[PDB]
Amino acid sequence: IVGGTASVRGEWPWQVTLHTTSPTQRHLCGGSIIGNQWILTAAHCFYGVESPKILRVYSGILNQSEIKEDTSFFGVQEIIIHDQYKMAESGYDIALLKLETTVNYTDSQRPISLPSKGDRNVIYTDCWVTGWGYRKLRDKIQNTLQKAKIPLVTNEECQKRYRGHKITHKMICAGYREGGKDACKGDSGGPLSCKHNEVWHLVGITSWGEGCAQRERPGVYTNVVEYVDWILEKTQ
Ligand SMILES: Cn1cncc1-c1cnn([C@H](CC2CC2)c2ccc(-c3c(-n4cnnn4)ccc(Cl)c3F)c[n+]2[O-])c1
Numbered sequence: 388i389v390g391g392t393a394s395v396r397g398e399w400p401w402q403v404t405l406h407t408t409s410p411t412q413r414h415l416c417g418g419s420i421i422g423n424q425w426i427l428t429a430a431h432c433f434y435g436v437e438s439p440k441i442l443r444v445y446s447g448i449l450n451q452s453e454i455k456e457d458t459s460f461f462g463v464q465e466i467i468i469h470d471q472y473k474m475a476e477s478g479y480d481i482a483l484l485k486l487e488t489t490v491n492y493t494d495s496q497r498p499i500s501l502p503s504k505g506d507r508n509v510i511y512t513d514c515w516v517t518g519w520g521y522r523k524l525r526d527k528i529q530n531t532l533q534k535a536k537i538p539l540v541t542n543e544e545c546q547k548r549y550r551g552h553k554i555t556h557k558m559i560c561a562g563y564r565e566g567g568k569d570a571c572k573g574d575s576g577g578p579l580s581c582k583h584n585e586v587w588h589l590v591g592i593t594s595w596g597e598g599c600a601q602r603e604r605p606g607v608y609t610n611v612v613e614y615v616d617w618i619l620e621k622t623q
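Numbering-wise, the sequence shown is residues 388 to 623 according to the authors' numbering.
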């Protein structure tokens, strides 16, 4: 996260850190708890992942340094990537992880609601992006989970900034015209979380952008409301 600040314990309890363990253990991507056995993340995260065997899902983590050899994690039973996914910038950047067992929800690990039916024309004004990613283009994975408030951009404006890509209704863009706050390397797969009527909704999945927090280049997120039918089909 560029231009963000440290979170505190319990602040974003649907945020998980997805680790790979091949050839060594490290944070790979963010993700969001959406059901007791379900994580929503980005399809692009699984480039070069040979199988679910090498993945570990950690919930309730504030600092990456908390994770030791006896820290409990969830195994991944299945990775479900959208059948039309080809590359992040072309869309369909969405994946479900089915966990090997059910999360018992606690103060530190909680689900986030999907965008609610009948809310498609809501204007979200309280949106946040979170993650352990770089604070600048050439940086390093951060120890403490970071947060930044970022405004949504219309798809018309976003397309004008990305005339070499097809910005579709299944994408949502977020960023300041002057730059300065954005997702960056290591944040992808995590949530764009928006609060509406004091309820948090998973509005976006952190996906791609031109650089990090550059002027007039918003971050691009998978527009989760356009995938609710797909999510419900797979989780049922
Ligand atoms: C894990 N890891 C450890 N060391 C470095 C990484 C690392 C490098 N790439 N990634 C991922 C893609 C990789 C998982 C398959 C990525 C790509 C792009 C953006 C991004 C960008 N960025 C543009 N240029 N950089 N970021 C801008 C806006 C937005 Cl919304 C974004 F989602 C964010 N992530 O995470 C992680």
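Ideal placement from N, C-alpha and C gives every residue a C-beta, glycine not left out.
Cα-Cα separation between residue i and residue j, rounded to whole angstroms
i: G505; j: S409; result: 43 angstroms
i: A600; j: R522; result: 10 angstroms
i: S446; j: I618; result: 21 angstroms
i: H552; j: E456; result: 43 angstroms
i: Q496; j: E603; result: 35 angstroms
i: residue 640; j: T493; result: Limits of the chain in this structure are 388 at one end and 623 at the other, which puts residue 640 out of reach.
i: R525; j: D616; result: 38 angstroms
i: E613; j: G591; result: 10 angstroms
i: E453; j: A393; result: 15 angstroms
i: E585; j: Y511; result: 12 angstroms
i: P502; j: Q471; result: 22 angstroms
i: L532; j: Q546; result: 30 angstroms
i: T609; j: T458; result: 31 angstroms
i: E437; j: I554; result: 30 angstroms
i: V490; j: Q424; result: 6 angstroms
Anticipated Cβ contact below 8 angstroms, residue i with residue j, distance rounded
i: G478; j: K534; result: 26 angstroms between Cβ atoms; not a contact.
i: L449; j: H406; result: With a Cβ gap of about 15 angstroms, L449 and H406 do not count as contacting.
i: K572; j: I537; result: With a Cβ gap of about 17 angstroms, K572 and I537 do not count as contacting.
i: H588; j: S500; result: 5 angstroms
i: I467; j: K485; result: 7 angstroms
i: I481; j: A430; result: 6 angstroms
i: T622; j: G417; result: So it is not a contact: roughly 19 angstroms between Cβ atoms.
i: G520; j: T428; result: Contact doesn't hold; Cβ gap of about 14 angstroms is too wide.
Residue(s) in a DSSP beta bridge with residue i
i: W401; result: DSSP, once it has assigned bridges, lists no residue as partnering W401.
i: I466; result: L484
i: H588; result: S500, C581
i: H414; result: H406
i: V444; result: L405, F461
i: residue 624; result: No answer is possible for residue 624: it lies beyond the span of the chain, which begins at 388 and ends at 623.
i: residue 626; result: A question about residue 626 goes unanswered here, because the residues of the chain that appear run from 388 up to 623.
i: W595; result: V607
i: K536; result: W515
i: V389; result: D569
i: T622; result: In DSSP, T622 forms no bridge with anything.
i: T493; result: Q496
Any non-hydrogen atom of ligand 3 within 7 angstroms of residue i CB
i: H469; result: Among the ligands present in this structure, namely ligand 1, ligand 3 is not found.
Q: Flag this pair as touching only if the region 501–515 and the region 576–585 have three or more C-beta atom pairs under 8 angstroms; answer yes or no.
A: yes
Q) Does the region 470–485 touch the region 538–546, meaning 3 or more C-beta pairs lie closer than 8 angstroms? A) no
Q: Write down every uninterrupted run of the beta strand (DSSP E) in the region 543–577 whose length is 3 residues or greater and which is fully enclosed by it, in chain order.
A: 558–561
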